[PDB]
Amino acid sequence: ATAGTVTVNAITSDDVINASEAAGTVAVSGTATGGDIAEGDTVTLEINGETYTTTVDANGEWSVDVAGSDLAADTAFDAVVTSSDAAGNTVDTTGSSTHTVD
């Protein structure tokens, strides 16, 4: 199974968590394409110790709702996509993210 490419978009529009954003939910999004990445593959983010999970959509994108407070506590994390090939061999693809907190 071949790793693709995973990217994480800016954490909110300016890549900064402010006090309002920390108080609520924030959608963390990104892409997952290439290699053996497919729709339905799991996307795992560990943020401030909490594991957040979604799946890759039909267009190579993903989004997961995260506690803003977790993002205010943890300024760097990976998104890890687990994929399989046609024989069931598995592979993880990792993309990294950083942000700041106001």
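The numbering used is simple: start at 1 and walk along the sequence shown.
On average the C-alpha atoms of 15-23 have higher B-factors than those of the other stretch, with 15-23 and 76-84 being the two compared. Among all modelled residues in this chain, the alpha-carbon of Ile37 has a temperature factor (C-alpha) in the lowest third. Among all modelled residues in this chain, the alpha-carbon of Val28 has a temperature factor (C-alpha) in the middle third. Residue-level temperature factors show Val6 in the lowest third of its chain, judged at the C-alpha atom. In this PDB entry, the Cα temperature factor of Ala58 sits in the top third of its chain's modelled residues, the highest group.
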